[PDB]
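Here is the structure we will look at.
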Amino acid sequence: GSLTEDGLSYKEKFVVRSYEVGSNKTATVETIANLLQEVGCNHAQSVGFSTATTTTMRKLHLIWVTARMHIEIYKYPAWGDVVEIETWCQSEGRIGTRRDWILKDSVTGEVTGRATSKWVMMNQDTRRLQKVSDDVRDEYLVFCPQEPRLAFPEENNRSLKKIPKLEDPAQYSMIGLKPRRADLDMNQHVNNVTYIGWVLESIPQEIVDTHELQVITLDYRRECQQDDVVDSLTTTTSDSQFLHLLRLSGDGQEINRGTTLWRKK
Amino acid sequence: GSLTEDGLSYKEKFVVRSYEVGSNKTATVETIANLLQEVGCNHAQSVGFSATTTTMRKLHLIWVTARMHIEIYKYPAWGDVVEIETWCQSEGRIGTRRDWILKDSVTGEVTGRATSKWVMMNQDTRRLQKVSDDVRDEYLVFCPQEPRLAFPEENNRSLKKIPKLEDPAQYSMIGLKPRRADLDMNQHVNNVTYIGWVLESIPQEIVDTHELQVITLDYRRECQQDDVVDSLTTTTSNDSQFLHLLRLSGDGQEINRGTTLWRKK
Ligand SMILES: O=c1ccc(OC(F)F)c[nH]1
Ligand SMILES: O=c1ccc(OC(F)F)c[nH]1
């Protein structure tokens, strides 16, 4: 992959692997979510970040953490196909950061999906959220479009809707979910993609067999740690819509909420 | 990737991805095992398969893994290119072998090797059988005719008999369940998942302070989507050796056994 001409966005091509696809021989949403995160990392390497901590962030032990992940897929790429992913970052002034992605058929050049994500600043030791400094903004505005560039430009759009809290009892549930070493990143934290899978695990197999996932919106409230256990809850709200809750098996502490939308095949 | 000049082997290059690495910023043995399966699949595609031959599709026959053997000298680093070569060979009427060599792309030196034994099984009845001449002949056109062994040595750890762990196990991980990211395109648990499940009963202190050199895994029965696995480990030993058993948490039915060898970092 490479920075584009203006050095304000990054593109990479990926061949869809045998193990990356589900029962219709197209990419899972989790494969897709892993590819967004790889091209996010490849963009940060290309422009000097880490080896996405800036020099000021390293000083005060500050990190970016995902608050929100929104993905819309029109077509899942097939086993053996090339997908082109472009990604850029923007400042939401002092609130935090946004990363946006556009997914294209390499062969046709047509948009096959789009994703947006909200990142906020956290201490790392104390895990306390805060506003972005100001000294920090200047150091990464050099790497972002100055004019707004939005994967989801439409005024009132799915990617910005408030998500309510599922009320007990849930229509469906998958209890006793536990991460393994394959679910951890290189800093030994549970990978953000794992949560996407744990949310999807309470959807009935019959919906998955007969529908395609078109939109997922997931809020991240709190981390699941190595020795935690998650319950996954789902109620139909409706094309079919679901409301989703991830919480710890014990004390029922919320880790995530979300919604998904599925089309009939 | 592509077939070599003689068309009796297949080569492919892989860039190691952000999410594919552990705490050393090098590839996990599960990332390695996934890459081996992708190059195995790309070789079968290249020589005209879809990995069943005409006669097997007629008789509803498939290859299934009886054994995986993997030895790693160096785990490739995040961003590095690993080159993997692969070929099959007939083992008479017993089954087939698939063998792999991993190289540093930049240096050309061998950094891993792996060998696997596959047997013929009825898709439906799940009954093992010997390989028939009509089938042996259909796939010898793709295999080197002289022997080519990744593990040639006369007394080599890839062929040793593996004993059954005796209760009580020294270590255990209880209540392991596949999620949908553990399934392949045919909705069977991925052979790499059992590797991860075997590794989950190794204490974190061994993993933090040692590197996996060798893994040998036997495949007895598969885990269904709605089964639950227990993972057991006893130390059997400068080098730490362990003995492994995966079994179904209910009735204690054996799904896998194996051994691992680790060196101090
Ligand atoms: O561990 C955390 C804490 C917070 C968060 O999101 C923030 F917006 F609330 C994500 N992950
Ligand atoms: O379901 C099966 C059938 C066979 C097998 O391998 C064979 F060696 F036992 C593994 N898993």
Estimated inter-spin distance, B:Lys58 and B:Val110, nm [label 7 Å along Cα→Cβ]: 3.9 nm
Listed peptides A:142-154, B:218-230, A:71-83, A:24-36 by packing density, highest first (mean Cβ within 10 Å): A:24-36, A:71-83, B:218-230, A:142-154
Residues of type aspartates and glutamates that B:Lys103 reaches as a straight line, Cα spacing below 15 Å, ignoring anything fewer than 8 places off in the same chain: B:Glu12, B:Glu71, B:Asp80, B:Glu83, B:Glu85
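Of A:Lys75/B:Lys117; B:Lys25/B:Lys264; A:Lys25/B:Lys58; A:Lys165/A:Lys265; B:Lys130/B:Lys161, which pairs sit farther than 26 Å apart, going by alpha carbon to alpha carbon?
Working: A:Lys75/B:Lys117 37 Å; B:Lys25/B:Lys264 17 Å; A:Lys25/B:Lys58 23 Å; A:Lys165/A:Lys265 29 Å; B:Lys130/B:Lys161 21 Å.
Listed pairs above 26 Å: A:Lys75/B:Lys117; A:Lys165/A:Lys265.
Ignore the peptide's own chain and count Cβ atoms of other chains within 10 Å of each Cβ in B:79-86; give me the average, rounded. Please report the intermediate quantities before stating the final value.
Numbers: counts 3, 0, 0, 0, 0, 0, 0, 0.
What the average comes to for B:79-86 is 0.
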For the range A:259-265, 3J(HN,Hα) per residue [Karplus equation, 6.51 cos²θ - 1.76 cosθ + 1.60, θ = phi - 60°, Hz, x = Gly/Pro]: 9, 9, 10, 10, 8, 5, 5
Per-residue [θ]222 nm for the protein assembly as shown (sum of -39500 (n - 2.57) over DSSP H runs n ≥ 4, rounded to 500): -5000 deg cm²/dmol
Cα centroid separation - the range A:118-144 against the range A:191-257, whole Å: 28 Å
Peptide B:10-21, shielding by other chains (average Cβ, 10 Å cutoff): 4
Length gained when the stretch B:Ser172-B:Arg93 is fully extended (0.36 nm per residue, less Cα-Cα span): 24.7 nm
Derived scalar couplings ³J(HN,Hα) [the range A:96-112; Karplus, 6.51 cos²θ - 1.76 cosθ + 1.60; whole Hz; x for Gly, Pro]: x, 10, 10, 10, 10, 9, 10, 10, 10, 4, 5, 3, 9, x, 8, 5, 10
In Hz, Karplus ³J(HN,Hα) per residue of the range B:148-162 (6.51, -1.76, 1.60; θ = phi - 60°; x = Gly, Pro): 9, 10, 5, 10, x, 2, 5, 10, 10, 5, 7, 10, 6, 6, 10
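Every read-out reported here was derived from the displayed coordinates using simple, explicitly stated rules and does not represent laboratory data. Backbone-built Cβ (ideal geometry, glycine too); neighbour counts: all protein chains shown.
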